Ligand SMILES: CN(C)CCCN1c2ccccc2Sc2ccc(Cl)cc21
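Shown here is one chain on its own, the form solved without the ligand, set out as structure tokens.
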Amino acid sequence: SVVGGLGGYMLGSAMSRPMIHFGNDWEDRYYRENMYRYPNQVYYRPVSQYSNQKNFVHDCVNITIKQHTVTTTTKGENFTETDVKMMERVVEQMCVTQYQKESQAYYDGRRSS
């Protein structure tokens, strides 16, 4: 499997580093000690096809995940559960964010006011 997933997606290009403290001690330290492995980018489709967050953030998360979980696992890149369960939010953050910005890109108010 190589990048056979993104249905014609794009990359918003290197953005905010999300970081997540979980309110834990151990999940917090774990995350901070490892957060560089998770990409600083996510693959998304033009919001215009949708107009929602879920329909933009859904398999966007899965696709990018599965890229850094399979397309990179080729170099032995082995994210455990205690990794996936963290990056499940990491990829969500930048997409939630890229979505909000893109939300005025596709719209520009330009269809209402």
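The numbering used is simple: start at 1 and walk along the sequence shown.
The protein also exists as the form solved in complex with the ligand; that form is not presented, and the subsequent description refers to it.
Taking the pose of the ligand in the deposited complex and superimposing the nearby C-alphas onto this chain, the site is blocked, with at least three ligand atoms within 2.4 Å of backbone or C-beta atoms. A single residue from the set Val47, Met86, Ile63, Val57 has any heavy atom within 4.5 angstroms of the ligand in the deposited complex; that residue is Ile63.
At a distance threshold of 4.5 angstroms between non-hydrogen atoms, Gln67 is in contact with the ligand in the deposited complex.
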